[PDB]
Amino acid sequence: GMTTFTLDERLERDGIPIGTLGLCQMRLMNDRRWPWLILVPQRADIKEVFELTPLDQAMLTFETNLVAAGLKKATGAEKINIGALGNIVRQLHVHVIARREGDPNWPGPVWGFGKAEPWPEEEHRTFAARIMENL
């Protein structure tokens, strides 16, 4: 069950915890160049989205989409990018990223682009609050 679920150490390291939904832990990717969240469904040994039970796939869909709408509202973003890649970290996690023309590497992907710029402490606390107020 969910209470014994272990977050992957690299997601632990690279992401700041900002809360849990029902199925998914939410983390703010520690790269302030784009407002970037990850959703980590708290099921053991899941690598592909299709490995989730049907109901968990549904839960993830709507948690993802609630967060995407919320992120867009909180940032004033032109476009959300959603991604389940996992070439690096195999534990299933869904990227939900706020984008706009002129942001770094627009219109290309955030993934693998340049060097992460970490969030100042207080600024990510304020932003986490802002996300939670907009979900």
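For every residue, the number given is its place in the sequence shown, counted from 1.
Averaged over their C-alpha atoms, the temperature factors of 119 to 127 and 21 to 29 are higher for 119 to 127. In the deposited coordinates, the residue among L37, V89, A69, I82 with the greatest CA B-factor is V89. In this PDB entry, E78 carries a Cα temperature factor that places it within the middle third of its chain's modelled residues. Remark: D45 belongs to the highest third of its chain, ranked by C-alpha B-factor as recorded. Among all modelled residues in this chain, the alpha-carbon of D103 has a temperature factor (C-alpha) in the middle third.
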